[PDB]
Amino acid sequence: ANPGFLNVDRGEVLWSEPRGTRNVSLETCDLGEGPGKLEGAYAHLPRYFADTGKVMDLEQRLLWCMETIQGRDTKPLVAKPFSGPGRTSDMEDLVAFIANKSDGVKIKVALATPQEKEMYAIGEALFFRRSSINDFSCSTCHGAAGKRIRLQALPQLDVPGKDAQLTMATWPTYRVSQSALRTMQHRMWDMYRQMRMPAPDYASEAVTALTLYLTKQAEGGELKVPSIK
């Protein structure tokens, strides 16, 4: 029914698997919905975490847990966050699994503090921001309806409504043309890559700022994750 159900079941392993100097699993990792509780947590991500004092996506959160809870050496992961042929990504698998624990749920981020409203704003700004040799912005290709790049149609993401909901409901997803499950991080990387920008930092501020905007414009979208593309 979907080749992206490996990552689902590979992410299940790592969540169970004790690792690090402290050698515990991420079964007690808090994702916003309380410790251990996986249900709907991605449908409410990115969000503010009191234990750091900032807004955070799924990956920035996992990584935090790896550091403090597990004591896992995250440095090799922030370096190879996106899988290859013959090499998984324990950052794309734990996203598949955690995302699937939010399957059938509706996307529901909320601007509830000074940190989250500020983040969203800055993400709105980064969405419109023109820069570099091609002058592109995301809003250049997501700034209207019924438009397509070559043969592939474009989702409207500068407004609330259908396209956006459906988009964030179809991420993370499995792309066959790469035969790999991919996360919002990689998409953010791929799009800045093709905007002729420098390569954004994996799990950086800018990426997570964008995601919140995209996810807030996606409100109501009923997660069907991980998808086939």
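In this text, residue numbers run from 1 along the sequence as written.
Novice: Mean C-alpha B factor from the entry: is it higher for 191 to 199 or for 34 to 42?
Specialist: Averaged over C-alpha atoms, the B-factors run higher in 34 to 42.
Novice: Between 128 to 136 and 74 to 82, which has the larger average Cα B-factor in the PDB entry?
Specialist: Comparing 128 to 136 with 74 to 82, the higher average CA B-factor belongs to 74 to 82.
Novice: Going by what the PDB entry lists, where does residue 107 fall on CA B-factor within its chain: lowest, middle or highest third?
Specialist: For residue 107, the deposited C-alpha B-factor lands in the middle third.
Novice: In terms of the chain's CA B-factor thirds, is residue 60 lowest, middle or highest?
Specialist: Lowest third - that is where residue 60 ends up once the chain's C-alpha B-factors are sorted.
Novice: Comparing residue 23 with the other modelled residues of its chain, is its CA B-factor in the lowest, middle or highest third?
Specialist: Residue 23: CA B-factor falls in the highest third of its chain.
Novice: Residue 142: which third of its chain by C-alpha temperature factor?
Specialist: Within its chain, residue 142 is a lowest-third residue by C-alpha B-factor, going by the deposited values.
Novice: Going by the CA temperature factor in the PDB record, which third of the chain does residue 158 belong to: lowest, middle or highest?
Specialist: Its C-alpha B-factor, which the entry lists for residue 158, ranks in the highest third among residues of this chain.
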